[PDB]
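Chains A, X, G, N and g, in that order, give the protein sequences.
Just so we're aligned: 180 in the entry's author numbering is position 179 of the first sequence, and the numbers increase by one with no gaps anywhere.
Just so we're aligned: 141 in the entry's author numbering is position 103 of the second sequence, and the numbers increase by one with no gaps anywhere.
Using the entry's author numbering, the letters of the third sequence correspond one by one to residues 81 to 176, 184 to 313.
Just so we're aligned: 46 in the entry's author numbering is position 45 of the fourth sequence, and the numbers increase by one with no gaps anywhere.
Just so we're aligned: 69 in the entry's author numbering is position 11 of the fifth sequence, and the numbers increase by one with no gaps anywhere.
The structure under discussion appears below in the form of structure tokens.
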Amino acid sequence: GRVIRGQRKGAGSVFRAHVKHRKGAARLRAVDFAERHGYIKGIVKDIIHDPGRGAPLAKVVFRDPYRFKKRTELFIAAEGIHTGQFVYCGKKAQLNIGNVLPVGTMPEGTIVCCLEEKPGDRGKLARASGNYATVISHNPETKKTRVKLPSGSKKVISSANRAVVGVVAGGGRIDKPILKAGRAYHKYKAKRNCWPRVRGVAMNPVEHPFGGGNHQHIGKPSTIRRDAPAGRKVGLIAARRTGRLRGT
Amino acid sequence: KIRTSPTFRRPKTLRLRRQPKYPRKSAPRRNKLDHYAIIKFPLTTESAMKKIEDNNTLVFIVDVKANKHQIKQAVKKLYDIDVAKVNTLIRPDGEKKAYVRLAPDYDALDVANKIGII
Amino acid sequence: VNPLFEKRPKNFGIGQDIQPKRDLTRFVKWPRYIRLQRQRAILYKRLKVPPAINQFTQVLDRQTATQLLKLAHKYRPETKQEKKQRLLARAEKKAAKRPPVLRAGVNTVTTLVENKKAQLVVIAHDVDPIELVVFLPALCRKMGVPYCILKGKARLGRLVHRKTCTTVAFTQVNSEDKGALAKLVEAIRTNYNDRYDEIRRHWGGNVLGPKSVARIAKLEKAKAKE
Amino acid sequence: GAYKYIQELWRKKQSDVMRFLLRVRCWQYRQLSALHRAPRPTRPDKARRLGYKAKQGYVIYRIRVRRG
Amino acid sequence: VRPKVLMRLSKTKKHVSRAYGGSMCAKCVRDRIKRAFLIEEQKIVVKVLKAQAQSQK
RNA sequence: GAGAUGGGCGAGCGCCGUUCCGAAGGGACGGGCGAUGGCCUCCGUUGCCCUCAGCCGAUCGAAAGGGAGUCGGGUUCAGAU
RNA sequence: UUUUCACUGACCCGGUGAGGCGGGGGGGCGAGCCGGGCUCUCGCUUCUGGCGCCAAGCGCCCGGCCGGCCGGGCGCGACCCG
Ligand SMILES: [Mg+2]
Ligand SMILES: [Mg+2]
Ligand SMILES: [Mg+2]
Ligand SMILES: [Mg+2]
Ligand SMILES: [Mg+2]
Ligand SMILES: [Mg+2]
Ligand SMILES: [Mg+2]
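Take a look at the structure:
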């Protein structure tokens, strides 16, 4: 047969992301002495919308504590932050919306966005529009804390990693239905070439393991095992269960 | 000495200057683009005659490696005249024509008479 | 004093005023060769060095080393210009004894040791393959000749007129130096030759880092308290 | 001669002394690059018996080959 | 004018005679002056109150 | 978007890679030191020391993108900002 | 021989212009104990869309001209060992 499109996606010839008009990578502040021990404050200057990402971004200006300069950083904007606000980053910054401080100091039940998965990583978790994470419990020994991720999984992280306080701005974006293929086209044009999805059953057998036949039917179980070679691993990938959910 | 920056840069060392124990080449090459070899012959067409009579210019055909400064100096050397400005173009044949206008107190008719074109 | 003159103190609190240019030599990103030549020493501290190599760390003390060098200064091999002068002098005398001298070189020293013609042996401690001389102390002990470890193959090679020498040996000395040599030999034999059992069974290395030992100390102190 | 002693040392690669030496040297050469010039042969006896001499015009290059 | 035309122009035509002249509007200039003065005054107040509390304790 | 050096891989021609495992700056406000020319005045060309100093990575990539500055009249057989 | 627990030094991951890491001293705040000592804590920035670098000051040396005038160096400020 022939190489299927899901298998062609790996080389990234025409499937690479469109990143010319993006405004930068949204990252937390780097770890240093000032925020490790005390705190520093930065001014919020602009709140920008970058292409391809639902959540807006904030441009925060800090001053270098080691030389005469001003360091500009791009954050994930939390709800309620306004331009000209003061945001404080550090170990002993008070707990209120906007500020970033380690999860080991906030009381349990705190709502957290742009969580940092490992110390120093500068923010990896709960950074999509309207998402957040919640501190569950602390372990004073071994320096670990338990958090609940937006997918519902509970994960244990080191308490020495920073995290923004609040919930990511731009919630409820999925509420509005795309009414037309035009809106869908404009949505995915700013992300990558993946939108007009063509069904496998509509294809030819040389092109897909489902294509062919005088009737449009899959012809074989849709659940494929996890250890199937690329070019065969299509359908429902190693499904524990299938069908309509009934209950939890 | 104490360090104030957390980076290490390569220290600047003494770079001694070339002194060759023998010249690479035996003798300096001869300038093959001199005044005689830079100008080939003057055009003697009706357009050239009209130009020399009207615009007080002299029309020459030079080689492709000559620039306006060299052309001006070569004309000054060969014909003992002053040059105002030079226009140049490369003909479709491959030769590079030159339009040489003279200072207002020289006469292009007299220069053409002495050079030998008329 | 002018009342205008007045101190303007600088407050280097967190996030208040720009930090001064203090010493940063402990946090510099050193080049790869420096990093390698320091981490090699760190690993030499870390790993359990076998006694065959650890024996070179226990070295002669400074006063005895100075006496050994000042005694050996009387027997440095002659220079090339001195040999040229001797050649001219001998030609002049012919047309008109071999004094004792240090024997340098690992092969010369080892053959003298196994033939029993060396009254003591001096060994360097930092030969960059240690295996050039790692066998030597056992050989010298078995043959009976005294041997010592001297800090610095460079200073050892200063005695000869060469950049570096691994080992040198005294084959014979003079009447005015017999007593000094004998005293030095007996001191060296007491320190090195007679201690060879615990030298041979003395393992090295196996020491942790300062932060590691500090936290272990904190843990054990807490345990001893409760 | 010390060369024979060095020969039997390098024949007894399995002892603890040589295990320490090979461990340390392998770590160091691994930190170094894959093609560099050694100022001196690491095994003078072996290089000499292979044909090396301490003259001018002889050089030693220590290089690394990916295994398998 | 275009950015490379400003080479030809003179400083008087390029700026205005004031602090931050030709770089910041007069409204924000005066707001900045007032902000600076008031922040310094409240810093003095906070310092004196803190020192008085420390002396009392 | 293409593409060297470092690095890695490769039997090999070579390939990956574009800041990633590099000691990646040959510059300068200024001071001193030593030599030189110009009425050695004062300055300039200077070699060294003292001091100051980040580049997002060499380089290529648009005759429709960015990019200071020419217009009027006349003139040929065929050229005109 | 194996199971678990523990360590770090090979090996791996992340951040930085590799900028304050681990100990000890020093200082403040209480608490408990008789001006003294022990355990514990902290060390300077949270009303405001402002500014912040290229050391003030102190102590000790030396240079030049005539105690007066001009111009340099070192340490503290910015604790010590790893
Ligand atoms: Mg498409
Ligand atoms: Mg079909
Ligand atoms: Mg098939
Ligand atoms: Mg104006
Ligand atoms: Mg390439
Ligand atoms: Mg163009
Ligand atoms: Mg254009």
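Each residue gets a CB set at the ideal place from its N, CA and C atoms; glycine is no exception.
With distances taken between CA atoms, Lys229 of chain G lies nearest to G:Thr197 out of G:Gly239, G:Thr197, G:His212 and G:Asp213.
Residue contact check for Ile275 of chain G against chain A: no CB pair falls below 8 angstroms. Taking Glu162 of chain G as reference, the option from G:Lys305, G:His248, G:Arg282 and G:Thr254 with the minimal CA-CA separation is G:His248. Checking the 7 angstroms criterion, the Cβ of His38 of chain A is out of range of every heavy atom belonging to ligand 4.
The beta carbon of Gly69 of chain N sits no closer than 7 angstroms to any heavy atom of ligand 3. For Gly91 of chain A, the enclosing beta strand (DSSP E) stretches over residues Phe87 to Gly91. Counting along the chain, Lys78 of chain X sits inside the beta strand (DSSP E) bounded by residues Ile77 to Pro80. Secondary-structure assignment with DSSP links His216 of chain A through no beta bridge to anything. Boundaries for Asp47 of chain A: no alpha helix (DSSP H) harbours it, while the beta strand (DSSP E) harbouring it runs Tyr40 to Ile49, taken from the DSSP string. Approximately 7 angstroms separates the beta-carbon atoms of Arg163 of chain A and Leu102 of chain A; this is inside 8 angstroms, confirming the contact.
Straight-line spacing of the CA atoms in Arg115 of chain G and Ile7 of chain N works out to 30 angstroms. Taking the beta carbon of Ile98 of chain G as reference, the chain A residues within 9 angstroms of it are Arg64, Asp65, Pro66, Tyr67, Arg68 and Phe69, listed in sequence order.
For a Cβ distance threshold of 7 angstroms, residue set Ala35, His38 and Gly39 of chain A lies close to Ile94 of chain G, ordered along the chain.
In the assembly as shown, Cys115 of chain A is a buried residue. Its beta-carbon has 16 or more other beta-carbons within 10 Å.
Nearest CB-CB separation between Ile64 of chain N and chain G: not below the 8 angstroms threshold. Residue-level contact check: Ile133 of chain G touches chain N, since one or more beta carbons of chain N fall below 8 angstroms from its beta carbon. For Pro178 of chain A and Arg184 of chain A, the gap between their C-alpha atoms comes out near 10 angstroms. Around the beta carbon of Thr137 of chain G, fewer than 16 other beta carbons lie within 10 angstroms, which makes this residue exposed.
Residue side-chain check: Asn140 of chain A keeps its Cβ at 7 angstroms or more from all non-hydrogen atoms of ligand 2.
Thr277 of chain G and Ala3 of chain N have their alpha carbons spaced roughly 26 angstroms apart. Residues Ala191, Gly192, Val193, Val196, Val208, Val209, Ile210, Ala211, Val220, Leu223 and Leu243 of the same chain have their beta carbon placed closer than 8 angstroms to that of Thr254 of chain G, with the five preceding and five following residues left out of the count. Between the alpha carbons of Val18 of chain N and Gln29 of chain N lies a gap of roughly 17 angstroms. Restricting attention to G:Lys240, G:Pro111, G:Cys235 and G:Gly93, the CA atom closest to the CA of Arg48 of chain X is found in G:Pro111.
Interface annotation, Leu104 of chain G: in contact with chain X, CB-CB separation under 8 angstroms.
Cα atoms of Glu273 of chain G and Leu237 of chain G: separation of roughly 16 angstroms, rounded to the nearest angstrom. Our two residues, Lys234 of chain A and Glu208 of chain A, have alpha carbons roughly 14 angstroms apart in a direct line.
With respect to the 8 angstroms criterion, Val102 of chain X and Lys134 of chain X are classified as neighbours on the basis of their beta carbons. Under the rule that a run must span 4 or more residues, no alpha helix (DSSP H) segment is found entirely inside the segment 101–176 of chain A.
Across the structure, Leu147 of chain X and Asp118 of chain X are spaced so that their CA atoms are roughly 15 angstroms apart. By the rule that beta-carbons nearer than 8 angstroms mark a contact, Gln8 of chain N does not touch chain G. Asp97 of chain G has its alpha-carbon roughly 7 angstroms from the corresponding atom of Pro66 of chain A.
Under a 10 Å Cβ-count criterion, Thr95 of chain X is classified as buried, with 16 or more other Cβ atoms of the shown protein chains found around its own Cβ. Across the structure, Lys10 of chain A and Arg23 of chain A are spaced so that their CA atoms are roughly 22 angstroms apart.
X:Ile76 is the residue among X:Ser43, X:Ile76 and X:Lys88 whose C-alpha sits nearest the C-alpha of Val113 of chain X.
When secondary structure is reduced to three states using DSSP, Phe69 of chain A falls in the coil class, being assigned neither helix nor strand. Sorting A:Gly213, A:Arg247, A:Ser159 and A:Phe211 by C-alpha distance to the C-alpha of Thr143 of chain A places A:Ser159 at the top.
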